[PDB]
Structure formats: structure tokens, C-alpha cells
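For reference, the structure is listed below as C-alpha cells.
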There are 2 protein chains.
Amino acid sequence: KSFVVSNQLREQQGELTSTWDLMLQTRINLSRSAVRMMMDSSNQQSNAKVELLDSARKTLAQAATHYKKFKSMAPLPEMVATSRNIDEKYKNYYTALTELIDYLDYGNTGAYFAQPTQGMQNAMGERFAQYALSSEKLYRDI
Amino acid sequence: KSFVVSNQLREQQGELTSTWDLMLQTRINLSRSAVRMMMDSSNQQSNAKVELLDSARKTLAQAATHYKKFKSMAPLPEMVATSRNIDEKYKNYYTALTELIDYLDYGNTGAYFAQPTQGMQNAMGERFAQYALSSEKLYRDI
């Protein structure tokens, strides 16, 4: 099986890297918007806060597109548990990120700061590292 | 050559994913610190601004460790140009990120906001996508 199966593994990793990366980029643009919503309107800097929130929204939608691609390539047997785990972490971090867009949609920075977002970022981050370790080891077995 | 060479390619991609990801995480923690340095001292939220700057510093040092690992696996002939390009983009974004740590080290948020960091983030991001496209196509040729 080795070509077809190991290429499947690389394509599942690429798509997951694209999902993780675009969620970190959503986190970044939500951050850049929240600081400008705190600084108010006099501040020359405050004025891009809606562009930034719009960029955040756009990269989350792109993370969700790559994730569905990732989910369409069925996990190989040994990959099933980390892939299940990734899905759990992914949904908690996607949701955190969605609620943050929802708050800034109406300028609620108080609720933005009150969400413990980093905890969820970190859990996905560790899931990602575990998926990547597990896929390297099947790839050097395939 | 196919096993040894295609494994080399996957290991160079993994290390580069680790570099890109840790630089995005440095960007995130610098962001979280800059907003708390803007909010001042009354603000319960302002008080983690030095922990956050310290986390940023730590993930940049980790991005630089994985990058040296990436650079130690010599680019295969067709990968030499994107690998050169990645190095250029990487150094401009590593430097941007370093100057941002340097500003927040003494609470200079004015200089933090004045740096056009995102432009450099974006150039590295496009380099990364181009490297990943080019490596997929050599990998399906190897």
C-alpha cells in the first residue's frame, strides 16, 4: 500500500496545518481589532478595527474549509484516536474564536477579555503536536 | 532514492511548520501584552502584560531553534529557490518580531503600533504557502 497511503497521510497533514495556521491568524486579527476597539476614535490607530474584524472572520471561514477537507480523508486505523482528539480540540477552539467575532461585532471588548481563549488555543496546539507526532511515526512504518 | 529523499522532505516541512507556528504564537502573545500595556494598572486585565511578553520571547527562541534544524537539512535541487526565499522572509519577520519584544521591554506601545508588522507576517505566510506547494509537487515526483 505504501505510496497511496503515505501520500494520504501527507495530504491530511497539509490540510490540518492550513486549519491550525488560519485559526492562529484569526486569533491575531481578533487581537489587533480588540486593541483598536479599546483605543477609541481619536486614535488614528483605532480606525482599522472593523477591517481587522472582517479579516478575522474571513480566515476562520477559510480554516473551516480546510478542516472539512481534512475530515474528508478518512484516518488510517492508527490515526483514528488522534484524529478524534483533534476534532474535539478543533471544535472548542473554533467556537471560542467564533464567540470572540460575535462579541467584537458589537464592540463588546469586556466579554472578549473575559473569554479564556488561550486555554483552548493551547489544547488544540497540543492536539496538533500529538497528531503530527503520530503521523510521523505511521509514515515511518508505511 | 525515493524513501530517504521523500522522508527528508517531510522532515523539512515539519520543522518549517513548527517555525511558522511559533512565530504566529509570538505575534499572538505580543498582541495580548500590548493591549494590557495600553490598559493601565487599575485594570485587572493589565497585570499579566509581563508574563505575556515573556511567553512571546520564549516562543521566538523556540521558532529560531526549529528554523536552524530546518536549515540543517539541505534543500533538494528543486527546493533550493523556495528555501532561499523562505530564509529571506523568515529573517524579515523574525526581526520584526524581535523589535516588537524590544519595544514592549520598556513599554513603548507607540513604537509597537508604528511597526508595519503584518506586512512581514504576510510575506512569510506567502513564502510558506509557496514552499509547501513546491514540496508537495517534488514529493509527488520522488
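Heavy atoms only: backbone and side chains are in, while hydrogens, waters and symmetry mates are out. Within every chain, numbering begins at 1; the chains are lettered A, B, ... in the order of the sequence lines, protein sequences first and strands thereafter.
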*Do B/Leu76 and B/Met73 sit in the same hydrophobic cluster, where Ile, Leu, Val, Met, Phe, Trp and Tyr count as joined when their side-chain heavy atoms come under 4.5 Å apart?*
no
*Quick one: closest heavy-atom pair of A/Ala34 and A/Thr109, and the distance?*
O-CG2, 4.0 Å
*How far does NZ of B/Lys137 sit from CE of B/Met79, to the nearest 0.5 angstrom?*
10.5 Å
*Between A/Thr17, A/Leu22, A/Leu24, which is the residue that forms a side chain to side chain contact (heavy atoms under 4.5 Å, CB included) with A/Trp20?*
A/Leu24
*Using the test salt bridge (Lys or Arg N to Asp or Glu O under 4.0 Å), find all partners of B/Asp141 that sit at least two apart in sequence or belong to another chain.*
none
*Which pair of heavy atoms, one from A/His66 and one from A/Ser18, lies closest together, and at what distance?*
ND1-CB, 3.5 Å
_Test item: A/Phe128 and A/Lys89 side chains (from C-beta on) under 4.5 Å apart, heavy atoms_ = no
*For A/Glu15 and A/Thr65, indicate whether the former's side chain and the latter's backbone hold a donor-acceptor pair under 3.5 Å.*
no
*Determine yes or no for a side-chain-to-main-chain donor-acceptor pair under 3.5 angstrom, with B/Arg27 supplying the side chain and B/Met23 the backbone.*
no
*Roughly how far, to the nearest 0.5 Å, is OG of A/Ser6 from OH of B/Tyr139?*
5.5 Å
*B/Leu9 with A/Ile142, same ILVMFWY side-chain cluster at under 4.5 Å*: yes
*Do B/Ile86 and B/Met124 have side-chain heavy atoms sitting under 4.5 Å apart?*
yes
*If you measure from CG on B/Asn108 to CD on B/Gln115, what distance do you get to the nearest 0.5 Å?*
11.5 Å
*Does the side chain of A/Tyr90 reach to within under 4.5 Å of the side chain of A/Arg127, using non-hydrogen atoms?*
no
*Could you tell me the separation between the CZ atom of A/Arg140 and the CD atom of B/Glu11, rounded to the nearest 0.5 Å?*
4.5 Å
_Set of residues satisfying salt bridge (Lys or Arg N to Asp or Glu O under 4.0 Å) with respect to A/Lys69, sequence neighbours excluded_ = none
*Decide yes or no for A/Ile28 and B/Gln118: does some side-chain heavy atom of the first lie under 4.5 Å from some side-chain heavy atom of the second?*
yes
*asked:* What I'd like to find out is whether the side chain of A/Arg57 reaches to under 4.5 Å of the side chain of A/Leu53, using heavy atoms alone.
replied: yes
*Distance-only side-chain donor-acceptor flag, A/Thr26 / A/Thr59, under 3.5 Å*: yes
*Please determine if B/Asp87 and B/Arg84 form a salt bridge, counting it only when a charged side-chain N lies under 4.0 Å from a carboxylate O.*
no
*Can B/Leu52 be reached from A/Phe113 by stepping across I, L, V, M, F, W or Y side chains whose heavy atoms are under 4.5 Å apart?*
no
*Can you find a pair of side-chain heavy atoms, one from B/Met120 and one from B/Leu97, that are under 4.5 Å apart?*
no
*Taking atom OH of A/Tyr67 and atom OH of A/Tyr94, what is their separation to the nearest 0.5 Å?*
12.5 Å
*Do the side chains of A/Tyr106 and A/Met37 join up, straight or via other hydrophobic residues, at under 4.5 Å, putting them in one cluster?*
yes
*Do A/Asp40 and A/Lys49 have side-chain heavy atoms sitting under 4.5 Å apart?*
yes
*What pair of heavy atoms forms the shortest contact from B/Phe70 to B/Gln12, and how long is it?*
CD1-O, 3.4 Å
*Heavy-atom closest pair, residues A/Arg36 and A/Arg32*: NH1-O, 2.8 Å
*Separation between CG of B/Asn47 and CE of B/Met39, rounded to the nearest 0.5 Å*: 10.0 Å
*Do side-chain atoms of B/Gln8 reach the backbone of B/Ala74 as a donor and acceptor pair under 3.5 angstrom?*
yes
_Looking at every non-hydrogen atom in both residues, tell me the closest pair between B/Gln13 and B/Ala132 and how far apart they are._
OE1-CA, 3.5 Å
*Heavy-atom pair with the smallest gap, counting every atom of B/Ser46 and B/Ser41*: OG-CA, 3.3 Å
